[PDB]
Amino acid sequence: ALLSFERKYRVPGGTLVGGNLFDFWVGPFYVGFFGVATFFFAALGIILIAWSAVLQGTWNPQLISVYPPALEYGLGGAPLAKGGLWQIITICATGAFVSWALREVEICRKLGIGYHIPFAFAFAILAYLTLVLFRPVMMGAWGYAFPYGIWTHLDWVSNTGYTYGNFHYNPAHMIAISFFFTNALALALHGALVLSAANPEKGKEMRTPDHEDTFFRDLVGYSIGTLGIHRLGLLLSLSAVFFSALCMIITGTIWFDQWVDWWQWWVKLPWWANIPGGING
């Protein structure tokens, strides 16, 4: 079925691979060669997960967990039951995410729009690949990756953090958090702002973008503007993920001691290192 305004946009073209072979929809979904790739990788993935479930001996989704090979395997392959399936499922996962991004590119091309969405998405994928691929390769073993399980992956977050003390003290991690919290602040403000203008007090006319600038200037002395704010949200959220990837790519590789102790470089600068008093003298 189609949206009321949709038909005029469902023209041939835009595909990256296959000409018109896969230029069609199933219901609302565009297919394309990357739709077929996505389905294949996802489908194989889910089947391997399900099989892993069988070898774990559970079907509870709060218990199913697929763990990477143990550290002893290094960066080699492992038997299916003992890490192999994780390695295959990771390849399927990566294949599905990239296929999804590339399908998104095909959709942009057909729609005549910019490529900003899949570009943004590629940041998420790179964050994923940092945890399951790049970091483990630099650390020399797949077993440093997180396992695929609803709760078991949370165990991995917590064990990995406490390996370096309170992980709060990772400076890239502080920046990352700042971007996340700022992004959510920006999202609340923007949603509230547009809605406040579209849904004014009872009986009154819709406000204008000019009212939106006025509100913010009245409140904080500045307005970023309607282009600005969409640029901002995109920057805040992509920066949050970039710094997340960064904060983990350095952990266990260039820095692997307790993160609190990193801050001693500042405290020990020579001009104040030995001045008495304060917390550190």
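Note that residue numbering follows the sequence shown and begins at 1.
A summary of the deposited B-factors shows that, of 56-64 and 248-256, the stretch with the larger mean C-alpha value is 56-64. In the PDB entry, a CA B factor belonging to the middle third of its chain's modelled residues is recorded for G228.
Per-chain ranking of the deposited C-alpha B factor places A120 in the lowest third. Among all modelled residues in its chain, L48 ranks in the highest third by Cα B-factor. In the deposited entry, the Cα temperature factor of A78 places it in the highest third of its chain's modelled residues.
In the PDB entry, a CA B factor belonging to the highest third of its chain's modelled residues is recorded for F39.
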